[PDB]
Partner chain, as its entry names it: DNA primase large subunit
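Presented below, as structure tokens, is a lone chain in the form deposited without the partner chain.
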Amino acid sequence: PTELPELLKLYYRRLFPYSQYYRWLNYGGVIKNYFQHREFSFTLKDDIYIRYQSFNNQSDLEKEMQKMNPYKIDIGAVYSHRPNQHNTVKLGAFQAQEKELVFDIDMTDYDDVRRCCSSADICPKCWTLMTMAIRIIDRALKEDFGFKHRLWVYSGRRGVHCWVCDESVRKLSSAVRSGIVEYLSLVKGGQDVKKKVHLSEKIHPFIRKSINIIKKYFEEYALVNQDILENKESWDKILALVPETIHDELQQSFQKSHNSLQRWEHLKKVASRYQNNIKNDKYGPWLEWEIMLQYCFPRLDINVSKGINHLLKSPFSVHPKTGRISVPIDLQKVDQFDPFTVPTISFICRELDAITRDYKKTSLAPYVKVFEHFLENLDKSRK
């Protein structure tokens, strides 16, 4: 933690991709003061941070970042006035006006359905939860909502971010943002609630398409890697999600089966035979779906998405607790993404001078290229 200042100084002098970063947040320069009215928040040493920083142009930003060498950089909203002048604005008039629609997913929120890790830990046996979250959420944002400019980022420790940047998305009210979150949400309830997913008789297309994404991964992820029906301590958590009247039958089949793969097939058969409503003679896989969703469906840090003023860690910021760079994720290679290959600031600083001095000589290069593909699409969109 004491090595960081020396490494941050080199990173901000030679490696941070300022020209791409400004191309992003200047959004083509079409709207007056759009970059100059952006809030940045810097974290310095000792968990000290400063709100309502703002800059005139790219050179101003470079100069201040290289003077302050912040441990962490957060991006906030675009305001009605220059954030660094907000004390000169008559009270009430200083207001957030626009910001990307953002999402923050934390693997810690899955601890009740992860067996390998807890707290801020992640590993390859649970990272597939993030793979499924990206695929489910991105499909909905692209296909259901028609949002065209979506930047997915590794947060540097325990999950992923998404920045939705279409010009009309950036104008969305907090009320509408909340509505989008609710559309995307299915897992509800704190630690007091055992069963967190309840489906209606007729499933909405968003739910069907999300289930079908999970189905591609569920065997390798849940039955093999997580081994969720390995033994009675594991399979009891799953029985807590179905009606008691079928526990006995499932108990006996689980003990007569040899592995989670076999026990899952038995659960599906029993669940599709359970009579929910005694009026009708209607049967279905609702229970099977609710279990798969509770174990695999994205769990959003909702408050991050709902408020237009909310800060979020910048892409290409360091995560001070791991040293990892928050790098963009290539959507065409999301299944290949390894968070343990993500370069730390120490690692790329070593590369930079190991035997011109910019990021192209380091492992950061491919991540900047993903960023540039996203910036090019934004440029095309503005023609």
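Residue numbers count along the first chain shown, from 1.
We do not show the form solved in complex with the partner chain, though everything after this point is about it.
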* Is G179 close enough to touch the partner chain in the bound PDB entry, meaning at least one heavy atom pair within 4.5 Å? -> yes
* Would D144 show up as a contact with the partner chain in the bound PDB entry if we use heavy atoms at 4.5 Å? -> yes
* Asked: Taking heavy atoms and a 4.5 Å cut-off, does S185 contact the partner chain in the bound PDB entry?
  -> yes
* **Contact flag, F206 vs the partner chain in the bound PDB entry, heavy atom cut 4.5 Å** => yes
* Heavy atom within 4.5 Å of the partner chain in the bound PDB entry: which of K90, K256, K202, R273 fits that? Just give me the one. => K202
* Asked: Among 69-77, 118-126, 246-254, 168-176, which stretch has residues with heavy atoms no more than 4.5 Å from the partner chain in the bound PDB entry?
  -> 168-176
